[PDB]
Amino acid sequence: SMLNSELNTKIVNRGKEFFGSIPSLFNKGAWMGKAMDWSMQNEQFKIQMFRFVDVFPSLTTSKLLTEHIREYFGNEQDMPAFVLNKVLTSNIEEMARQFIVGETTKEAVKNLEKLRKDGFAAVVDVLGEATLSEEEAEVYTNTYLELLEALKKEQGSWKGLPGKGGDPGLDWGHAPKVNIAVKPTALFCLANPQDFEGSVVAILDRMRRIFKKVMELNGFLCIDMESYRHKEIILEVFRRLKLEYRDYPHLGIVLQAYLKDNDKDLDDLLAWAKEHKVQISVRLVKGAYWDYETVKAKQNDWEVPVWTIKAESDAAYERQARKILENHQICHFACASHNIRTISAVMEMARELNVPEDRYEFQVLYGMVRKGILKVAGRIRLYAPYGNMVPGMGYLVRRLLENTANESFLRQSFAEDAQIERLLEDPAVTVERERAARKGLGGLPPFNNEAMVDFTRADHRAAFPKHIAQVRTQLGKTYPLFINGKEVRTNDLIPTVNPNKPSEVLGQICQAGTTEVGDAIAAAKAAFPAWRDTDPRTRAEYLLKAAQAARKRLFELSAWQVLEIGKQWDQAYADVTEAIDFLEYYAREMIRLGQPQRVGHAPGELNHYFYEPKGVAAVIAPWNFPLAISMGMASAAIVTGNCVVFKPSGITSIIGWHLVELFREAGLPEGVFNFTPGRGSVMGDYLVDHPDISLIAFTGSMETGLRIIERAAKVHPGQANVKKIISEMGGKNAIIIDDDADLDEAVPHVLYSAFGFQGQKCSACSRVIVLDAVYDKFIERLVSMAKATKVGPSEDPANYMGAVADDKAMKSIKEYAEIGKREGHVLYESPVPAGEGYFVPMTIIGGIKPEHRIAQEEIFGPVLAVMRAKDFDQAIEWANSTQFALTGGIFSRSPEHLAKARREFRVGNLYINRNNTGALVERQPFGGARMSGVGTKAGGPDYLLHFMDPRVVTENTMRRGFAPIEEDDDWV
Amino acid sequence: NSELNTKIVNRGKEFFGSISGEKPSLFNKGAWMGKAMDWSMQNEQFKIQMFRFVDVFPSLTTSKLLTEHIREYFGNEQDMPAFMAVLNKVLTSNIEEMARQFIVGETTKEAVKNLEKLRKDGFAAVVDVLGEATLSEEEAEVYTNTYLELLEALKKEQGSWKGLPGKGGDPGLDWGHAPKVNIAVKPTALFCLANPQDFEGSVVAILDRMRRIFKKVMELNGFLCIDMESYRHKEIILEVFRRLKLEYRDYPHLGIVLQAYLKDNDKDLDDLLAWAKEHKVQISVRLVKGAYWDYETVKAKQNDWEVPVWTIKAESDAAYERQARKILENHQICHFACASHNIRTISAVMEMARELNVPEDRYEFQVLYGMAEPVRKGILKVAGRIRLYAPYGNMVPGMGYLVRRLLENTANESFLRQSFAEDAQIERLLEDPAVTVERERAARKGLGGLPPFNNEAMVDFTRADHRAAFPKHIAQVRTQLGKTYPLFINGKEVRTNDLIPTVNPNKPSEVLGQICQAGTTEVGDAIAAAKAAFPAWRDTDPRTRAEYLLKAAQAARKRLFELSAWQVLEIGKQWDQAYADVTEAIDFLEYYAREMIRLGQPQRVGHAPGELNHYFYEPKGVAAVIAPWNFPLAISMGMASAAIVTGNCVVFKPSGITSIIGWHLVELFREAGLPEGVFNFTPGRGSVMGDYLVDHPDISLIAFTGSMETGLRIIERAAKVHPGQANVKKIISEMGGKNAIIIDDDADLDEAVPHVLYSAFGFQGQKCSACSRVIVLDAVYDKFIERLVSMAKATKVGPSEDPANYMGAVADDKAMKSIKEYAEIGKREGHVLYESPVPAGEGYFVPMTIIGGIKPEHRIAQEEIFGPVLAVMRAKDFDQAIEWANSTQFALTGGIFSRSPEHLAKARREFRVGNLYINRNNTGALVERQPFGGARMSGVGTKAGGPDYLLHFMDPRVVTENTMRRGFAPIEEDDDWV
Ligand SMILES: *[C]/[C]=[C]/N1=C2[C]=C([C])C([C])=[C]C2=N([C][C]([O])[C]([O])[C]([O])[C]OP([O])(=O)OP([O])(=O)O[C][C]2O[C](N3[C]=NC4=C3N=[C]N=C4[N])[C]([O])[C]2[O])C2=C1C(=O)[N]C(=O)[N]2
């Protein structure tokens, strides 16, 4: 504290030596500076300009360029002041080139030597589009090998940068002259902590190949740190490679000070190095993915992994830099910051702790007043990317964002002309100041979606194998009907087996005959009057209890689905959380809708409008979302005051039994929920036709749904109501890939949309409609990514997709595949495992047109039709050419085309620039019309009303010429 | 006027001084009534409970009723205030004592005895007969004869009465000038169907009885005052007075009441004085402020009429002083009775009269017997000439009169309350109310530029212009008869050669025109036109679509009486029924326009950053609209305009017999400039094109209102998805009802009876909401049906263009034959109670018919007849009443008259109809106030006129956008952020 004030005074003074000894982006004479100036003045313009730079390299024709310019910036008149094609192209390309050292290896190597003669060391990084295949990972890997080979032939002629002593052939007498950095996920297109070991090994195998070449020339390899999703994978890759070459000192890892985890990660890493008696090198950065991590975490209800006050990152940096410097004997340090306070702190801290100069250096990005830094510090290394202008454009966008952020130390230092005292402030003080400077109903928290499984966590990774094993000790049970609170066995048993291993029998399911169905309907009807008269808030409370019951069994409930229906780990967990979401959301919806509301405002009169349940609801559930959709339909019916007779799909009957367990744990009154699995040919029509049924909730095939709708319309003798239908049926969903689509995003999202859970989703992409000029490029990357994926048992997280639901689904899907192969041409058909299991290959077929059967009929399996549209008008026309309208997707960065799709691509759920599956409660209420449904949307604010009928009570309040005056009366 | 105002104030000060601090009994804290009023004034919940209890009290005729109501209104013994079966006794006795305080007797001989006591104490009297509402000719006769009996008793007594002492004049007269016998009569008690809709009939019926009473009054040289009732009858009552006055221009002792709280009163008073001068007669005016203040304000607000009363209390006071001065200035033509308990008012009158030197025989003072006691005695001491208003008769109307007195005394603005409960400052109490007005006057939301929704003003037959408009517009319609009406498809007229005439149900020989029928070809053409028009209409901005409805609404509004007259002739709507039909259509247009504007903006859903979800609605396509004849403009416009504003295009089939009304949709939408093909008009034979229209693959939605049989058929057929059919067809359906009104033991029969009569027989009972079953509790059954049947007997059946008829012919020949057969069925099941005469000659007349002895197992307790046939069902207890109400397959509307909080609660919960009405008729639902529709066999749970309705015509869509590019996303206002 007393000492703290003294050192801070030394840091501040050093800060001014840098300011005394002291960019293009803030120079308002150049076109770039004027564009950034207006960007920092106008946020609307900033958004347009940055998005334009992002899409710019896809603007490959005069038409694409001209139209996008108009669409982002308006006409040549309403634009800002600062031939539109020529002025923008040359400038943007000029801005991009300022940050790269070359587009070829020979140019980069030539430029690197010029840098050396100016006294700058370098670390070289290879620019590239995201790796989406093995071939792309190999190209990336070979580029480093090629670079290293070039440098190998040159470095012998390089004099070492001048130092105070040591080896005049080494930089500053100690640093290796060749220094490269590699992006780990660029070495493996399927890097994913869900398959942690597989990812580590695949990345590590390529990294080792590069490292060996690096060691051959006694160079340095730094392993870059990417997004939080891959942080643990990356640390483990570094740890393994280090120990494989425990004696080689020139291996480095990046750590990010903006991570709450980093204090611990750095402590652990230092302890690990000590334990193994190795040395390490750390490049400490603040972090490149701030906005992305914040958004990502908030989208999945995860804890935000980054500090959210900017000074907290600065304070963390100075704190973690001190820790490394304290540990200089084992940990070499690279300070990687452009912040003069941060740099000045590191310099005085190294002085305070008497750290030798060969234990720390300073690094900055090429293109971002370097000389002034080099004069005070002396040991400066430029981060020097080289490669293609396409990824160079995306890199530029990053630099523009970085330099023009409100919290950017650079923007504050120039563009704002800030007080130097505030700039060189101890960020710990800033932190405390910033911290100092800083709705549900009925007493319940507001709704929030349940947190998604998070495989960055060791415990979540370990949980699945544990619970799959625990579920396996519980196999072989016989499951009874559940009627009026009693278990009811019958003599008709149907086995439920593992679709990935059909010899594994999970249990036996009793089947309800018509007598048993009639009993359950009778039970539901008898329970109805009391349940109807139960207060809506009380009914909602059972759903809340069921939700907690489920939340407590999350991994166990997931594991059942992995085995019974072949859900992948993530897919299984998402099914359970969606069930939880329905329970939480429908509970709140009933509370909201449960209070009678006064309508009209005439005095002497009270009108109250409110809702009543219908009676007995038949709920006929699908197997593809066996807990989520079952629970959603059933809980909606129940919470609105109806009583339910529930028929799970046969092959997911055990998941259906989970509803019994959950409502039982919640203490739901007897007969409000009854469980009657049964054979459709025996009791399907009976259930639908029955006169005591007032409502039918169905999700499944169009054919079955349409039949139900037809039969339910009949009013039989003794039937009290016209039957209400709540039906969600299938889709034939298209994703459109526009000319300007970002293919790094489009390809994996399309792959997931088509083959996630074997394509067994009503929302699945079964048609990808690709614009003529981007067709060949798109399919090549899509097929190459597909080839990298593996088909097999869903319990093994290394597999992308596995077996389809059952034998019948397999035969039907395979027939469709053959039909499609006669209509189009096969682009990819995966291997499948030998032996048992209902495996259908991951299948992609091109040459498909709207007249083809597989362009029209829902296959409900891993068969993707690729269709080539001649222009955007045809793409939309083709998207709209089926009898379905459930979901749709479009990858496009054209405001005009997006506007057209929003208007004309009329599906129930249209997605823009992301996959078209995985709808979430409240955020994406799900459902459509045409042959896809009856316009009901589960998980939305209109849904509960479908399960009820409105009532009005009107009271004349006037007696003997007087009436009470009510609040909202129109009076005098 | 400073000098006079100072004399008035000093006069008021002497008045208060001479009162000596005495409180009227109602403000006596030492008395039970005072304690009850004190607590009522401190606690509004109690006031409401206590006053409603006093209102229901005379119906609590058994010990169980009494005990239960006491518990339901006041809670258990330890829930009650201190000043409150033994409980049954102290309560009953105190309430009865309170009521007796305001009444001079129960029998004529008792009233007479007590009048003599009053004279001994120096008070004159005006006698008025207490009675329940007159609901029949028999009841009007009993009321009339009560006065005749009273007059005969007073004729024998008056000769022996010494005249009250005065300063001069005739020693045989009161104060030397006033006749000793003075009675007041309530005009509407003389005619149960008094209604300005039948203005001439109402005046004559009332005048004829008033004349009989008046001749007897004149026979003993007495005074008759005609009381003034609610605003609805004010013009009728004025006309009755004027005519009776002119019949006996030479008889001086005839008075009329005028009400200072009416904005009309300055003009009315002026007109009456001018009229009196013109005819060279004299008059007498009792000026009051007015008895019906809350009622008039509520009634006007409920009908979007201008409130006829001032709404700042001091305005009524200021009006009184102004109008009293005018009368006094005109003392030569106008005798004055100051009727007020307000000391400022009284003082004002006294000083103005002195300032104008008005002879004392030209003005007297009047107060209500049994209240404002010290004011009464103060008037006696200072003015000398004071007349007590003296009600007499049965305790049942005696209790309703008491409730009114309690209300009058305990009002926040009551002079009596402020003087005697609140200890208000004398200077404030006595200030010029004109000053009060200025000080109160100075001390005193829609969306998107549009004013909020309000229901169109109902036709108001208190106005001479509204009364005169109908015969005029009917005559004008008659010049338009004989046209041929074609189909209207894609903006063009299409003629077919199959023509069906449309005629006047009350005079079938009158042919209103000929209607072209669409075959399947033309219906297919209309569907093709709607479908071609759909894409551009769908893409039209919702606000722009709403604007077309707003223009149609204005077009309708400017043609209101015209459109109304067409309905009177084509389908036999009564004047009010016709107008209400057109206003309801206007309401739909205004309401659905606003609803589309509300629903037309996409809403962000969720709050995750980097993501925008917008939820919004899209139309379905071509809507078939199949409309009924019974609300030929209203329901048609409602269903069609809802489909239109939500972005669908409409193929519209009106009912045959109301096709011309259907053509009004063409006129209105074309006047609004609606794009071609958005609305198509295709009347046709159901047996030719009905199924075709419903079966058609390009239909996506069907809106139907009508019979259960047709509705269910449509539902079944529409469920099928045919080749080329784009959507699962959406059904919006309003079907029949078999609606019951329950009459509980404690029901107020004065309200229940006329409300049941209207619910059952308004528009000949041709409403889905109509009461067709009245379920009456055992103990009140005989009295209820006697009054109901007797009221029915007074009504006339005949042509709806004649406003004197209650109801007229039914829709057409088929309806007449169907209903008549049901009546015969019902007469074999139960027992006929009433079967009205009907006119001789042409017309589809069915007698107004009432049948008792009906049980749930009977056909006419189950099947919708849709005509003037009412089943009366006798329930043994309230549980059975509810059970019987719920014993049909329908659940559309229902009613209950009851004043039991427990029974009303049971009804709210278990009487599960779409629209349940408490203490009023179960018909005439208004847009927004009563969204209309039911489930069971009455419908599919859609409610026209309410905020869930438009959604049934659309399907929701969500657009989800990932807004993140290259690691950055715009931050939006409602994002969950940091
Ligand atoms: C059958 C009937 C009878 N009538 C009469 C008679 C006599 C002799 C007398 C005395 C009475 C009568 N009536 C009743 C009346 O009307 C009453 O009473 C009065 O009105 C009372 O008053 P006063 O007393 O002067 O007192 P106050 O407190 O002052 O006053 C009250 C009044 O006012 C008004 N309001 C209230 N509130 C308000 C008002 N206005 C405006 N605003 C507001 N907010 C009212 O009016 C009250 O009441 C009668 C008669 C006849 O015939 N008719 C009638 O109508 N009535």
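A note on names: the letters A, B, ... follow the listed sequences, proteins ahead of strands, and every chain is numbered from 1. First listed ligand is number 1; within each ligand, the first listed atom is number 1. For the numbers below, each heavy atom of this structure counts, side chains included, while hydrogens, waters and symmetry mates do not.
Listed by chain and number, residues touching ligand 1 at under 4.0 Å (heavy atoms only) are B/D128, B/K186, B/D227, B/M228, B/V257, B/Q259, B/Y261, B/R286, B/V288, B/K289, B/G290, B/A291, B/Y292, B/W293, B/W310, B/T311, B/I312, B/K313, B/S316, B/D317, B/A339, B/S340, B/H341, B/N342, B/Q366, B/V367, B/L368, B/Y389, B/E408, B/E413, B/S414, B/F415.
Side chains of B/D38 and B/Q42: a donor-acceptor N/O pair is present below 3.5 angstrom, by distance only. With hydrogens and angles left out, the side-chain atoms of B/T345 and B/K289 include a donor and acceptor closer than 3.5 Å. Between the side chains of B/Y147 and B/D128, a donor-acceptor pair is found at a separation under 3.5 Å.
In this structure, B/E141 contributes its side chain and B/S136 its backbone to no donor-acceptor pair below 3.5 Å. B/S20 contributes no side-chain N or O that, together with a main-chain N or O of B/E22, makes up a donor-acceptor pair within less than 3.5 Å.
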Task: salt bridge (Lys or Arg N to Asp or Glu O under 4.0 Å) evaluation trace for B/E157 with B/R119 - done: CA-CA 12 Å; B/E157 291 302 307; B/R119 302 182 58 84; over 6 Å; no

